[PDB]
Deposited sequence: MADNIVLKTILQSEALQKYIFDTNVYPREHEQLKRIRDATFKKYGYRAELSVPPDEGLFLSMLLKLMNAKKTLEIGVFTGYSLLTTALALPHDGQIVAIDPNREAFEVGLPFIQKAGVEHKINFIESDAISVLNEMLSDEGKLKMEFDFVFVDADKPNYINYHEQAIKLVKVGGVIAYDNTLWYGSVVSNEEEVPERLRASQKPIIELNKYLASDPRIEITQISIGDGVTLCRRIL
C-alpha cells in the first residue's frame, strides 16, 4: 500500500529508515493486526507516517492529546511512546475488540497508564467534552475515524485544541482519488474531497498536506 511512484520506493523507506528504529511492541501490533485482519490491517497508520508523527509530537512538546479512531492501536502506541512520562491521551473507538488486540503490547511497552480509552462513537464524546465543569484542552488531535463525520469533528476539535495546537487528518489523498476510482473506496471519496475543500478555505488554521502514508493534513490552530 502506497501513494508513491513505486511500491519499491515505499519499501525502501520502511526497510532503511523505519523498521530498524521501530519499537518492538509497535512491530508486535503490526504482526498481530495482519494475522487477525488481513488486508484490513492497512487501516493502521503506516510505519513511516508513525515515525513522523512521533517526532512531530516531540518537537511540539505535546503532552495532552486526543485520538479519534484507534483500531488495534499503532498510532496510539506511537503517540504514547512519544509523549513524556506524564502525557495523557484520550482515545475514542467503538471497537473495543480491536483495541484489545493491541493492548497487550501497549502494556508491555509500559505506557498503558497514559491512555484513557473510550468505547463510544466520537461525536457524542466530543459533544460531552464541549458541554462539560472542566476545561478540555489538547495539544494535538488525531482524526483517523469515520470519514463522513470529519467536518463535524473539525468544528468540535477546533474548539478543543489549543491555539498553536495541531489537528491532524489522515487519508486526505485517499488512494489518489481526490483527483481521479477503485469501486470499494468510492463511498469515502466524496467525504474526503469535502473535508479537503473545507480545510483548504478555513482561515482559523495554517495547513500542510503531506504526501506521506495516504496523505496527512496538519492544521495548526491560529484563531
Coordinate gaps, deposited numbering: 1-7, 140-141, 190-193
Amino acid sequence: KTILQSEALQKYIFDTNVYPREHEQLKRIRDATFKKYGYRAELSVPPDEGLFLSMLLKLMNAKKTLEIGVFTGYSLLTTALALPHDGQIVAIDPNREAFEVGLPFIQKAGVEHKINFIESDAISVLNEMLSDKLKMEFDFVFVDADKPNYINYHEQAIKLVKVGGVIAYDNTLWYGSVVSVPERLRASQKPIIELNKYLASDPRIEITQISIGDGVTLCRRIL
From here on, numbers count along this sequence of modelled residues.
Averaging C-alpha B-factors over each stretch, which comes out higher, 134-142 or 89-97? 134-142
Check the entry's C-alpha temperature factors for 213-221 and 2-10, then say which stretch has the higher mean. 2-10
If I read the C-alpha B-factors straight from the PDB entry, which of 65, 156, 177, 172 is highest? 177
Among 124, 72, 116, 79, which residue carries the highest C-alpha B-factor recorded in the PDB entry? 124
Compared with the other modelled residues in the chain, in which third is the CA B-factor of residue 109? highest
Residue 34 - Cα temperature factor, lowest/middle/highest third of chain: highest
On the chain's distribution of Cα B-factors, residue 208 falls within the third called lowest
Cα B factor band for residue 167 (lowest, middle or highest third within the chain): lowest
Of the three thirds of the chain ranked by Cα temperature factor, residue 54 occupies the lowest
